[PDB]
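In what follows, a structure is listed as structure tokens, so that the remarks can point back to it.
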Amino acid sequence: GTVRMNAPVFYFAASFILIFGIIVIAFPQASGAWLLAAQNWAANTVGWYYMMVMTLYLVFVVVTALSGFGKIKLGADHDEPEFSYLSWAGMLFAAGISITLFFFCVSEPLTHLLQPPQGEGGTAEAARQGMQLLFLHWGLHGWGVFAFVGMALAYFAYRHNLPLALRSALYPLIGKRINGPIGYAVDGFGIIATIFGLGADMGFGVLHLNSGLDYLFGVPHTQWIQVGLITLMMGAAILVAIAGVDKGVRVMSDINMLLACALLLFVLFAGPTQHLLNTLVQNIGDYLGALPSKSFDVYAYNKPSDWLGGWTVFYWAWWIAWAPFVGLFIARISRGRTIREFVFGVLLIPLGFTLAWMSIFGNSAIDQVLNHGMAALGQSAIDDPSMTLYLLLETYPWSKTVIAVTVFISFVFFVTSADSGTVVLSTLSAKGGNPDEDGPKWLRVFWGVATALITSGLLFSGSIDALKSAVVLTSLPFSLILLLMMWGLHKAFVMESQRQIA
Amino acid sequence: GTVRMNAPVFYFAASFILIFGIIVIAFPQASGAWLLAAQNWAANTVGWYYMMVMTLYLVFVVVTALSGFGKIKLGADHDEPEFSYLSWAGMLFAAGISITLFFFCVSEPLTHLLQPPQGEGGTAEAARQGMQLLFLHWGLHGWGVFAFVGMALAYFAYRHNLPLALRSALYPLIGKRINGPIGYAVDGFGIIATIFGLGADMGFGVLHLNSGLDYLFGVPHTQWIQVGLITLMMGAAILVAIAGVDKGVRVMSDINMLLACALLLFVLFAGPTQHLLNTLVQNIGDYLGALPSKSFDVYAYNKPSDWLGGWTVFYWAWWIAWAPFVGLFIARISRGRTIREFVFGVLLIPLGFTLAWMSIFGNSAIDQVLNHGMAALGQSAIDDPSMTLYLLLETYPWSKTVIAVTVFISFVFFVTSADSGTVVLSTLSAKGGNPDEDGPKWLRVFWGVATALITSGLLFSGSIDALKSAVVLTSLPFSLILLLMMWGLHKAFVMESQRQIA
Amino acid sequence: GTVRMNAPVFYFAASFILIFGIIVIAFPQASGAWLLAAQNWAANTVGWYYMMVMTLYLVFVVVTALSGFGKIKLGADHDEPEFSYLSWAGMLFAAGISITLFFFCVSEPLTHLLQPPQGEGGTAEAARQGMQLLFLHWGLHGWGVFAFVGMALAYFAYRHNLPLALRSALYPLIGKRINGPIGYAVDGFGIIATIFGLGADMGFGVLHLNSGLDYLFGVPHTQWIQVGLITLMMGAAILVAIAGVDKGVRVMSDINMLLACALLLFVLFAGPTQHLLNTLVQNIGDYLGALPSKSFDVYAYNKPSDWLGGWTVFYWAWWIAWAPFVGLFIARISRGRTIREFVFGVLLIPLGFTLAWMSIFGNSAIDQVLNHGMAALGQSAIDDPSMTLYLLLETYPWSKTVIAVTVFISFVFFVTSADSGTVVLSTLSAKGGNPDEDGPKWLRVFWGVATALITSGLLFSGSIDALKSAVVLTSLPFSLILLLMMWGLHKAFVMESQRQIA
Ligand SMILES: C[N+](C)(C)CCO
Ligand SMILES: C[N+](C)(C)CCO
Ligand SMILES: C[N+](C)(C)CCO
């Protein structure tokens, strides 16, 4: 009949989050020690497992699209797409990228130059290796799991007339038991990872936004200021989701996506243009040359440390935690397309903007720390990673206008990403109605207030190292579910191949 | 009618072996000098040729299986396989691996660390490079020639109704002349290589077995002890081949293959587990990253030496010499399968166990020579490579029980490999009867006593450097025959492509 | 009706060349400074663009031949080839290779050893890196653009019944407007690049030929001697083109192509044969291992210099400038073949001879500068690159006969390449008649005298650095036309794919 709540999933997913969020708020000092102890345990005990499973998804989705299965339509064999490609291409940006592109664009390459994982720092191979780790952390591996989840969700819904849910890919394995205890756990385990990923993103955004106001006006860094920042950021995203406007939203996304390109072009043409163009091509070459061996590097013959638990394993856990939300969002606007076209669009359209942004913005700061002798900019990336971007931007013409534009652009990016997150969260916990509409409207408020509570709890207990620990701990049970879904999809493809010739 | 002897092949193959084996036994001092002189000549004169031809086989078999020819059945287009995959897979282990997996697992990586082919020894890149040479010597190159010979033998026998012989792949080139002087030389040249490969394997096994008894009881290393060891090892394998039991044999193989995994798991869980898991993933990454360039490395710009004639060219000659026996064994249990399924089973099922064994066992010893300061273990790999495994195993709990189990497991491995070798040897020199049965039973005894004689002659004249020289010298005329067979197979595939469209 | 002149193309292409050629002859001192200033500007401003576009052509032609489009015939689906493969294979040599193979074979690897682009010179990694740059500069990248132009020209002429011209590949974009102002500029811009490439080749040939006569007889290096050398070289190639003989020409080509192999075998067997064979395999391995990363190397993190504008960007501009002449020559003898067969013949038949020549001749000189202490041979590659080959050849048996043979072979190579250039140049500026015949005979004389004038002007103003600058400056507007042609070909392939299933 009508849409409603799926109680076995809601209660399971909501009793974990609300119990975790109170222990961290009532005991901030005991929680920051245990989360710091678990982060060093994970890097040494389950570090190889993440590196092993992140490559399987990419190899699977590439081999599938290059083979003869890339001819299968994502609907019936005679229906057509519903969007202009232009409107398809632009809807991937709004959901994929967020405010954390401003937090890591300058301070992360300056950290790998002064403290490399192997070698001696401050030289010319440290820079070449740091701009390569930066391409690895934002490249094909991350966009390859989004495409996997999206393809698996669209295939079982538009060809087999099954619900749009994570458990439908287990149908070739257990049949009608996707409506029992086994299928409800798969759906409850996929909400916890999403909540923790969104919380980490929102916490990094609060930290980035608190420094711009300090630079411009003089607002202090206080615990009661961050509460108001969280309130503003989340109340501006709940009221856009419960208001039922999509024209103004998708029209405002595109405006922000043009201002982003204007800012990128200003930064490119107001600096060393030829140096930046040369380093762009150099970085592309280095990444493609070292890809097949950097996928398994764990620095096993060096002296033991905990570098891996804060940089690469964190990134693999973070992309896995964001996969359920972006996959179900891209599956809804891809009916009528073939597998090859879908995969090669998702892998290459949002990646070219991200890698260009990262290259230009990181090389602009490396060039000024190495060649112009600006050491207070590189020392800031270690003690205060939230102020490095403004220290770089204050060396440009009309510096107090570019910063005021950057603050606004960054706020709008976060709003247009959180607004789409709450809708998908309310859909993953509903049941019934038409298989093209979203869940009830009282669940968006609930799943927004829950994320606000989690973020508030995790920042006031350990800052940046607590978010990275919670994500790595909570993304573990969903990787095995992804492997099971891969098995089910492979088992469906063989019945496809037999049925086309028999 | 009935099976019988193929006299033109038997006399040609038996007059070379019996004449070679008496000269070495009657003149042990003059034979050890000439075999040592030939080993340094070969490494410099025909070293590039082996590296050039070993890559052709692998590229051929991979491109064939990835193309549209991978759809062709290895029988008629409507018959089905005869085995359970489980029993097909387990039968590849029994024939492929032997007792020499215990002789090289610990002492070879410890040799590449203290005496690298390029660089300075005892450091942390010497270990990373040695564990990469070890993966190259036991990886895809060796299992890629087995698959080539097996596919070529099954194709011409189950689709064109030709004999199961090495000369049938020359039919598209010379027609009915495979039953004349040209086809008999091709079959006689393939028995000599097999005999010398088996002799080298048996000699390394005698050396490995003589040290365990010294460690346990106190048996000396004497020339009259090795004669009794050879007698026991070969008399235990002739009586299993002339007795006509396959249930008890294939059932005892599987028992030994479970004890091997139990021993591997004990060694993994009784040591530094996390270090070993990390180094496993690191080794996989390093091998896959350096594969396309290490295929042609001959160290040509360095100072001249003879490193290549004892390590890499020896391994290429040894795999080529073992190809005729394993190919005809795997061709008999693969009727009804497609080319792609056969190739991707043979390349990946027996390789994962071998590479895991090598990685775990080599890293366990590198970790204890570098980090725990055990120099008498690394000095033993240079002066006495037969005692290094026991020196490593004596640092574990209950050390005198694990060694007594290892000795037994190693003896059973050799027996289940030699038993299958003699049957195929008696088949390669027979003619007539049904094309699913084996040759007469008086030829198994003959080809076993011949191998015993060759091994006895080669050990008492130069020990380990004489076996490596004889193999490299006697595997030269069979590589050209393999190239001719590749030409014939390519010429048959084009007549396949037309007939499917005309 | 009959063939005639295409005046809008002729006047456009002939007013640029004749105006450029007089300014350089009337002002030799002011022209050598501006051409030297432009060479350093280009290396820094448009260096990344050439590296970016040269890889697109290769990736396009490889992916096209490996896909299902490699089955399309280059004519009608039922006609057969017209040549014997033997006469097809041999006609690619005569047009592809020229006299500049003798100018760079010895002096270029000796320059990269003593002045590497990165590192320290005179050691054993400088040699390994120089023999790798030499393989990059004469390998797959250059032969991959020839195949692209040839395939694009044959496809639109033998399947769609369009003229054999460069503008026919713009038909899917603008239709009947290929016979107006847009199509005439595309054809006029393709003659200027060809003229400048031919001029550079002829200038290097004059320099190489002037030193052999100095060595043999004692002819000085004078400005009035080079005028006579140019007169002889070009008058011997106009009289072969206006005489109408192809049997004697294609028959004399094959004779020269046998003398070349005889000379290569003499040089291989009169020196260190085993060292040379080992280094050949080593070079193949190094090139294939470093190919996917050396395609984007611009040395961006090193100290700024102008190395790129004289070595790699010059080579990319030179191959692009030679593409229009060789593409239209190979398109005329390839009717009836499939795309895959054409591409894999062009990529692999002329490349194996070139890479073997380069390897043997460069390693013969590296081995004698490093190991035998011959420093006057390596100092000559810096101050006088035209005399290095004779200094190397004078250390062989019967040295005054090999040099007299080399001079003749080099002269005949240039003649058989220029003779075919003038015919294609007269065809690119004609219109009418049968689409299998060549243009009028008064245009061959014109386009030969024009090249002579350009060469005379560019050598008397800056020698070797002026040719390299003119080529890099004049090959810029044709790369964009090549991109447009790629777009048109892709747009035609999709109408192929739809029409085979509908
Ligand atoms: C926030 N992540 C980096 C995980 C994904 C961005 O789209
Ligand atoms: C003994 N070889 C290494 C040659 C083959 C093992 O299957
Ligand atoms: C002269 N180039 C090197 C440009 C081409 C030779 O065929």
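Identifiers for the structure tokens are assigned positionally: chains receive A, B, ... in sequence, residues are indexed from 1 per chain, and ligands are indexed from 1 in the order shown.
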
Would you give me, as a Markdown table, each residue of chain C having an atom within 6 Å of an atom of ligand 3, along with its shortest atom pair and that distance in Å to one decimal, using only C-alpha atoms and all ligand atoms and sorting by chain and residue number?
```
| residue | atom | partner | partner_atom_place_in_ligand_line | distance |
| --- | --- | --- | --- | --- |
| C:96 | CA | ligand 3 | 7 (O) | 4.1 |
| C:97 | CA | ligand 3 | 7 (O) | 4.3 |
| C:318 | CA | ligand 3 | 4 (C) | 4.7 |
| C:319 | CA | ligand 3 | 4 (C) | 4.2 |
| C:322 | CA | ligand 3 | 4 (C) | 5.6 |
```

Write the residues you've just listed into a file as a CSV table (one decimal), in the first residue's frame, and include N, CA, C and O atoms for each of them.
```csv
chain,number,residue,atom,x,y,z
C,96,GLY,N,59.7,4.7,-45.9
C,96,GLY,CA,59.8,5.1,-44.5
C,96,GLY,C,61.2,5.6,-44.1
C,96,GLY,O,61.3,6.6,-43.5
C,97,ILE,N,62.2,4.8,-44.4
C,97,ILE,CA,63.6,5.1,-43.9
C,97,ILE,C,64.3,5.9,-44.9
C,97,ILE,O,64.1,5.8,-46.1
C,318,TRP,N,58.8,16.1,-36.0
C,318,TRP,CA,59.3,15.5,-37.2
C,318,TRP,C,58.5,14.4,-37.7
C,318,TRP,O,58.2,14.3,-38.9
C,319,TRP,N,58.0,13.5,-36.8
C,319,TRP,CA,57.2,12.4,-37.3
C,319,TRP,C,55.8,12.9,-37.8
C,319,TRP,O,55.3,12.4,-38.8
C,322,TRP,N,56.2,14.2,-41.3
C,322,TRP,CA,56.4,13.2,-42.3
C,322,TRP,C,55.1,12.3,-42.5
C,322,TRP,O,55.0,11.6,-43.5
```

| message | Select, as JSON, numbers by chain, those residues of chain B with any atom no more than 12 Å from chain C (distances computed using only C-alpha atoms). | response | {"B": [41, 42, 43, 44, 45, 46, 47, 48, 49, 50, 51, 52, 53, 55, 63, 66, 67, 68, 289, 290, 291, 292, 293, 294, 295, 296, 297, 298, 299, 300, 301, 302, 303, 304]}

Please give me, as a PyMOL selection string, the residues lying within 9 Å of ligand 2 when counting only C-alpha atoms and all ligand atoms.
-> chain B and resi 93+95-101+137-138+142-143+197-198+200-201+315-323+326

Please save C-alpha atoms of the selected residues as a PDB file, in the first residue's frame.
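What ended up in out-v6.pdb:
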```
ATOM      1  CA  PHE B  93      49.112 -31.271  -7.452  1.00  0.00           C
ATOM      2  CA  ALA B  95      51.985 -34.677 -10.662  1.00  0.00           C
ATOM      3  CA  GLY B  96      53.211 -31.075 -10.591  1.00  0.00           C
ATOM      4  CA  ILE B  97      54.959 -30.645  -7.241  1.00  0.00           C
ATOM      5  CA  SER B  98      57.701 -32.904  -5.896  1.00  0.00           C
ATOM      6  CA  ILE B  99      60.333 -33.202  -3.157  1.00  0.00           C
ATOM      7  CA  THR B 100      62.386 -30.262  -4.470  1.00  0.00           C
ATOM      8  CA  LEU B 101      59.931 -27.829  -2.865  1.00  0.00           C
ATOM      9  CA  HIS B 137      61.433 -18.709 -10.523  1.00  0.00           C
ATOM     10  CA  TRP B 138      58.223 -20.472  -9.363  1.00  0.00           C
ATOM     11  CA  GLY B 142      56.774 -22.297 -15.542  1.00  0.00           C
ATOM     12  CA  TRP B 143      53.073 -23.160 -15.429  1.00  0.00           C
ATOM     13  CA  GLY B 197      64.854 -33.694 -15.389  1.00  0.00           C
ATOM     14  CA  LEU B 198      63.744 -36.674 -13.321  1.00  0.00           C
ATOM     15  CA  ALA B 200      68.070 -33.982 -11.253  1.00  0.00           C
ATOM     16  CA  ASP B 201      64.934 -34.049  -9.084  1.00  0.00           C
ATOM     17  CA  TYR B 315      65.150 -22.948 -14.128  1.00  0.00           C
ATOM     18  CA  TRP B 316      63.984 -22.295 -17.697  1.00  0.00           C
ATOM     19  CA  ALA B 317      65.708 -25.513 -18.883  1.00  0.00           C
ATOM     20  CA  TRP B 318      64.230 -27.480 -15.960  1.00  0.00           C
ATOM     21  CA  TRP B 319      60.627 -26.419 -16.597  1.00  0.00           C
ATOM     22  CA  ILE B 320      61.037 -27.156 -20.315  1.00  0.00           C
ATOM     23  CA  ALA B 321      62.395 -30.619 -19.460  1.00  0.00           C
ATOM     24  CA  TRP B 322      59.433 -31.356 -17.172  1.00  0.00           C
ATOM     25  CA  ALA B 323      56.840 -30.138 -19.713  1.00  0.00           C
ATOM     26  CA  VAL B 326      53.042 -33.144 -17.058  1.00  0.00           C
TER      27      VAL B 326
END
```

Find the residues near residue 252 of chain A: any atom within 9 Å, counting only C-alpha atoms, skip ones fewer than 4 places away on the same chain, and give them as a PDB file with C-alpha atoms, in the first residue's frame.
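part_37.pdb, freshly written:
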```pdb
ATOM      1  CA  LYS A 247      14.228  22.606  -9.669  1.00  0.00           C
ATOM      2  CA  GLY A 248      15.711  25.306  -7.431  1.00  0.00           C
ATOM      3  CA  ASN A 256      27.899  26.544  -7.687  1.00  0.00           C
ATOM      4  CA  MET A 257      29.615  24.171 -10.140  1.00  0.00           C
ATOM      5  CA  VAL A 412      26.962  25.450  -0.511  1.00  0.00           C
ATOM      6  CA  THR A 416      23.901  20.157  -1.564  1.00  0.00           C
TER       7      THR A 416
END
```

One decimal place gives the atom CA of residue 158 of chain B-atom CA of residue 77 of chain B separation as 10.6 Å

message: For the alpha helix (DSSP H) assignment from backbone DSSP, which residues of segment 243-440 of chain C qualify? Please present them as a ChimeraX atom specification.
response: /C:247-269,273-294,312-330,339-346,349-370,375-383,388-393,399-428

Open item on the list: If we count only C-alpha atoms and set the cut-off at 10 Å, which residues sit around segment 219-225 of chain C, ignoring sequence neighbours fewer than 2 positions away in its own chain? Please answer as a PyMOL selection string.
Closed with: chain C and resi 206-207+210-217+227-231+456+459-460

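Here the question is which of A:271, A:116, A:350, A:180 gets nearest to ligand 1 using only C-alpha atoms and all ligand atoms, and that residue is A:350.
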
Neighbour list for segment 406-411 of chain A as a list in words, cut-off 8 Å, only C-alpha atoms, skip fewer than 2 positions in-chain: residues 98, 99, 102, 209, 212, 233, 256, 259, 260, 402, 403, 404, 413, 414 and 415 of chain A

- Name the residues in contact with residue 453 of chain C at a cut-off of 12 Å, using only C-alpha atoms, excluding same-chain residues fewer than 3 positions from it; report them as number ranges by chain. C: 17-25, 195-196, 198-200, 202-203, 227, 230-231, 234, 446-450, 456-460

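Non-sequential neighbours of segment 373-380 of chain B (distance at most 8 Å, separation of 5 or more positions within a chain, only C-alpha atoms) are residues 110, 111, 114, 368, 385, 387, 388, 391 and 392 of chain B.
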
Selection file, N, CA and C atoms, as an mmCIF file, in the first residue's frame:
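The resulting file, out_26.cif, is reproduced below:
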```cif
data_model
loop_
_atom_site.group_PDB
_atom_site.id
_atom_site.type_symbol
_atom_site.label_atom_id
_atom_site.label_comp_id
_atom_site.auth_asym_id
_atom_site.auth_seq_id
_atom_site.Cartn_x
_atom_site.Cartn_y
_atom_site.Cartn_z
ATOM 1 N N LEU B 110 67.856 -17.094 1.256
ATOM 2 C CA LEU B 110 68.970 -16.689 2.102
ATOM 3 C C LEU B 110 70.267 -16.528 1.327
ATOM 4 N N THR B 111 70.356 -17.094 0.126
ATOM 5 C CA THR B 111 71.512 -16.938 -0.747
ATOM 6 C C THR B 111 71.456 -15.635 -1.534
ATOM 7 N N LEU B 114 72.550 -12.564 0.890
ATOM 8 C CA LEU B 114 73.961 -12.380 1.198
ATOM 9 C C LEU B 114 74.843 -12.264 -0.037
ATOM 10 N N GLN B 368 64.465 -13.883 10.603
ATOM 11 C CA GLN B 368 65.276 -14.319 11.729
ATOM 12 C C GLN B 368 66.760 -14.129 11.467
ATOM 13 N N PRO B 385 73.678 -26.325 1.808
ATOM 14 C CA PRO B 385 72.268 -25.960 1.596
ATOM 15 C C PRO B 385 71.269 -27.047 1.970
ATOM 16 N N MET B 387 71.041 -28.558 5.034
ATOM 17 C CA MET B 387 70.769 -28.564 6.461
ATOM 18 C C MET B 387 70.081 -27.298 6.950
ATOM 19 N N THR B 388 69.751 -26.363 6.062
ATOM 20 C CA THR B 388 69.231 -25.076 6.507
ATOM 21 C C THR B 388 67.801 -25.189 7.028
ATOM 22 N N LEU B 391 67.814 -26.454 10.606
ATOM 23 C CA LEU B 391 68.282 -25.389 11.483
ATOM 24 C C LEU B 391 67.195 -24.356 11.739
ATOM 25 N N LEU B 392 66.345 -24.082 10.748
ATOM 26 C CA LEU B 392 65.222 -23.181 10.992
ATOM 27 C C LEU B 392 64.127 -23.852 11.815
#
```
